[PDB]
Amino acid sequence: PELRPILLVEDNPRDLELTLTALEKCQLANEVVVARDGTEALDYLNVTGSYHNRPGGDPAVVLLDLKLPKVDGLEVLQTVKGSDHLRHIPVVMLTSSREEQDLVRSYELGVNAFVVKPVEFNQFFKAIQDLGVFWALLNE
């Protein structure tokens, strides 16, 4: 079967570069698609805006930075979680502090996967584990 993309949603240019590098350097094979705000993220997930008739399919996981312009990360989260056609898509929240996580947990949106930036593979894989996502070793 074909690998599905990772959706990385991130507004900070440096956080973007760091996370992309971390994912590459841990030899994750899935291609990463980048959204820079909540608008871009939801357009991707719903195959519209710039992404109309894009290579369809849901991402393997969404890495969702919490604070975004235009449409906030929490909004993206609420829309994925509250939508019938999206709620199955696994979401890892990216935050700058552990305390931002406490706030997110208070919203009771059933998020169990968090990574505190900078993203590194130990915390990333733990989030994968927290999500119950299946993973595989490749021979390539």
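The first residue of the sequence shown is number 1, and the count goes up from there.
- When the two stretches 113-121 and 6-14 are set side by side, the higher mean Cα temperature factor goes to 113-121.
- Comparing 38-46 with 80-88, the higher mean C-alpha B-factor in the PDB entry belongs to 80-88.
- When the modelled residues of the chain are ordered by their C-alpha B factor, residue 70 lands in the lowest third.
- When the CA B factors of the chain's modelled residues are split into thirds, the value for residue 104 lands in the middle one.
- Per the PDB record, residue ranking by Cα B-factor puts residue 97 in the highest third of the chain.
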